[PDB]
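Residue numbers (the working numbering), protein chains in the order written: chain A, -19 to 54; chain B, 195 to 242.
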Amino acid sequence: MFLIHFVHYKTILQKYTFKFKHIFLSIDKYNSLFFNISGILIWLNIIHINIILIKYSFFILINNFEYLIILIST
Amino acid sequence: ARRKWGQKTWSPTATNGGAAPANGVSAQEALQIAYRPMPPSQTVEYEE
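As structure tokens, then:
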């Protein structure tokens, strides 16, 4: 049988834990060629992208290493 | 036209720096490379 109704005197507090993205750090340190570009024309067989900034005279570099890449005035 | 395997039709030169001039390209020549004939039903154009 049950005689008494008793509660425990020690009160516990639930620790609220949560994972938030509070820090925003990134290691931006690469080894690559970066160009001044007055025009870039990316021709792969699916998608062609033509981006043109105007000038009086241009030059042409062409890269066929992965996909056709045409650069105007380097 | 239709191509055959092993048979190519030779075409004359334009005598302007080859197909891609290594010395440079003027503004009016690059204007035609700019507005190249893409099919306009699947093309987005944008200028700022």
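C-beta atoms are modelled at their ideal positions from N, C-alpha and C, and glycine is treated no differently.
Taking the beta carbon of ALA208/B as reference, no residue of chain A falls within 7 Å; the closest one sits roughly 15 Å away.
Any Cβ of chain A closer than 7 Å to the Cβ of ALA213/B would place that residue at the interface, and such an atom is absent. Inclusion of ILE52/A and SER12/A in the CB contact set at 7 Å is not warranted, their separation being larger than that value.
Distance between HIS2/A and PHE45/A, taken at the CA atoms: about 41 Å.
Taking CB atoms only, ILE26/A has no neighbour in chain B less than 7 Å away. In the structure shown, the three-state DSSP call for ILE26/A is coil. Ranked by Cα distance from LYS35/A, the options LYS198/B, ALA221/B, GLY200/B, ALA216/B are led by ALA221/B. For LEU48/A, the enclosing beta strand (DSSP E) covers residues 48 to 52.
Separation of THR207/B and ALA213/B (C-alpha to C-alpha, rounded to the nearest whole angstrom) is 9 Å. Any Cβ of chain A closer than 7 Å to the Cβ of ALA228/B would place that residue at the interface, and such an atom is present. Against chain B, the CB of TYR47/A has no partner CB under 7 Å away; the residue lies outside that interface. It is roughly 27 Å from the alpha-carbon of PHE(-14)/A to the alpha-carbon of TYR(-4)/A.
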